[PDB]
């Protein structure tokens, strides 16, 4: 189909029936499949990244230079494949796009990198994309960067010429984003945190590969950005940065047949044109949902006031719940968020001002003030709001230094599932920065099942979509931990079990580790005395170990009262839309 007019959800690309698509949870399988695809490239590789670590390993553990990203691209370039890479040019953030650019172009003349933007701005190129030969395209929340690789084990430790290497995270790849931001990226194989005393922060994310026409559509987005970027400065206008051109005619892992529509957020500054079809698809999917939403997202900043926060995703969720309550429907909203935002800040001191600013807008969406979801639900239905929405985070535990240690699982995903039939996967967080179009550039795909499987929905027989059901079950299974019945995602028994597990795990983790965030620290003054206590994990490792046997899965209740007596906004000159 065509690109002369806009399509459903005001997207530049139409929905593509009969598309083979496969989802990925966590970087391990996504980065492996990226590696397989790079290896089979014959003509072109397109890559967009907010951050690209050239020396990251795509398969683990590394035993040689094979599967190292820079080596793989250099080998393909040496066979004649053209590699075109668009990197975000940060305001010297610490991702060091200058080192990434010089390193990638040193590999081979067939590899060309452009960075953008040159002008000072608050916004970023946020999309993560890799397209091979305009026919296979990977996108989602995972950059080809340090700290992203993980698997279902969510290992907190990594204790074991690379011929005898047993580490899964070499050098700068072993990191705890909350503990310390990356330094010295030109020394990639050097540690910057203490492996024997400081645990890893596990990274959870969702990606997707699509084949055929939607991969062509994603290639067309890259090409539009590439040719637009060429015109942005003199060095890039020269023929050494070739114009790219889309394949027009005749458009592999184990995927599922689905209908896929590409969506994006772009503006004049970031591309040639304006679009906010990710937002439109989010709103419409919520509006038309009938049974449940599953939201796993790094951010949750919404509920418009017309001034500070503008996107209406939260408002659509509220309206949907209020309608279900008015009609007597069984309807559930599952929200999975990182327990703490992903910036370097000592949470035992209260978090940095960046963390506190994000916490302000997160809690403003969830439960604090006239616009919050919980306040508007309570106004209509009182304490019944708990039957309709559950806000949770993830946590795991392990052993280091002879005693249990614990860390949150960083929810970096940007995924929505509706009704076991529809999925949105992309780079777009739920905040104004990702969704308005005018700010960060973003990509997503809307994946609608055309093939179904018998399942259940509040006890009734229900034809669920194959792609959506397998993903939703895979999420639930890992989060909850054998004899579990995951067929019905909304019946009372399952929702009760979900809430009971979230609370039970949260209680145990608080009993053993006194981990933050917590409902027990409503102010900074009570936080200061709360962290002054040694947790049982180190006081008595045997007692701690015994109690940790009662933790099931990783699901923990999201504490809605953490620092609720503090203003959490900084007094400072940064415009507030940096955080929204």
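So that the term is clear: the rigid core is the largest set of C-alpha atoms that superpose within 1.5 Å between two forms. Numbering follows the first chain given and starts at 1.
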Core-aligned, which moves more in 4 other deposited structures of this protein: 129-137 or 163-171, by CA RMS? 163-171
At a threshold of one third of the other compared entries, does residue 572 come out as unmodelled? no
Checking the other compared PDB entries, only those that cover the residues flanking it, does residue 347 lack coordinates in at least one third? no
According to the entry, are there none, 1 to 3, 4 to 9, or 10 or more residues of the deposited sequence without coordinates between residue 242 and residue 243? none
Going by the record, give me the number of deposited-sequence residues missing between residue 18 and residue 19 as none, 1 to 3, 4 to 9, or 10 or more. none
Tell me which of 406-414 and 184-192 has the higher mean C-alpha B-factor in the deposited entry. 184-192
Stretch with the higher entry mean CA B-factor, where the candidates are 354-362 and 124-132: 354-362
From 47, 34, 28, 520, residue of greatest CA B-factor: 520
Which of 555, 69, 38, 533 ranks first by CA B-factor in the deposited coordinates: 533
Place residue 330 in the lowest, middle or highest third of its chain's C-alpha B-factors, as listed in the PDB entry. middle
Third of chain Cα B-factors occupied by residue 571: highest
Would you mind ranking residue 226 by its C-alpha B-factor against the rest of the chain and naming the third, lowest, middle or highest? middle
Assigned third (lowest, middle, highest) for the C-alpha B factor of residue 213: middle
Going by the CA temperature factor in the PDB record, which third of the chain does residue 91 belong to: lowest, middle or highest? highest
